[PDB]
Amino acid sequence: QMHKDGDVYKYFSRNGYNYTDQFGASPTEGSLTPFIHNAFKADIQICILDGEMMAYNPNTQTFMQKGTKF
DNA sequence: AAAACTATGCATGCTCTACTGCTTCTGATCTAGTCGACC
């Protein structure tokens, strides 16, 4: 689950553990935020979202199911 | 011609400085195992 306020991002797991270190707390750093920051529309500054985090292979353009690996 | 003084060489001990071999300490590497958290 992702919390967004302006340029500030925060991520939480199923049981409540912080994961912002991995996914980035600002567009300058991270593994997802620098690329998803510009996806949001002009009028949206505060947001809470819930979803799944997955691994994507661009070569085959396919989701790699995280059975137990990668 | 005989006796006293001195020079030089050599033996002797002790002290000091390189080289080889044994023992111990450190670093580097690999292998095995543990823990967080997800599902």
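By the naming in the PDB entry, chain A goes by DNA ligase 4 and is assigned to Homo sapiens. For this structure, the PDB header gives the title as "The ligation complex in the NHEJ pathway".

*Asks:* Got a minute to help me understand the packing of aromatic side chains in this structure?
*Replies:* The description of two aromatic rings rests on the distance between their centres and on the angle between their planes. For the structure shown, the criterion picks out three aromatic pairs. Ring centres of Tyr11 and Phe23 lie 5.4 Å apart, and the angle between their planes is 35 degrees; on these two criteria the pair is classed as tilted. On the criterion of sequence distance, the pair formed by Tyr11 in strand β2 (residues 8-11) and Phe23 in helix α1 (residues 20-23) is long-range, its members being 12 residues apart. Residue classification places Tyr11 among the buried residues on the basis of a relative accessible area of 3%. Its relative accessible area of 13% is what places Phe23 among the buried residues.

*Asks:* Help me out: how do you make sense of the protein's contact with DNA strand B in this one?
*Replies:* With respect to spatial proximity, the complete set of residues near DNA strand B consists of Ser13, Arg14, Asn15, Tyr17, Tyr19 and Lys66. Each atom of DNA strand B within 4 Å of the protein belongs either to a base or to sugar and phosphate, the latter forming 92%. The side chain of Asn15 places a nitrogen or oxygen atom 3.1 Å from a phosphate oxygen of DNA strand B. Grouping the constituent residues of the surface near DNA strand B by class yields two nonpolar, two polar and two charged.

Definitions and limits used
- Residues numbered from 1 in each chain as written, not as in the entry; some residues may be left out.
- Chains lettered and ligands numbered in written order.
- Part of a larger assembly, values for the part shown.
- Heavy atoms only, no water.
- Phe/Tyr/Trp six-rings, centres within 6.5 Å; stacked < 30°, edge-to-face > 60°.
- Helix = DSSP H or I, 4+ residues; strand = E, 2+ residues; numbered from the N terminus.
- Buried < 20%, exposed > 50% of the residue type's maximum accessible area, 1.4 Å probe, protein only.
- Near = heavy atom within 4 Å.
- Polar contact = N/O pair within 3.5 Å; in protein donor to acceptor, adjacent residues only side chain to side chain.
- Nonpolar A, V, L, I, M, F, W, Y, C, P; charged D, E, K, R; others polar.

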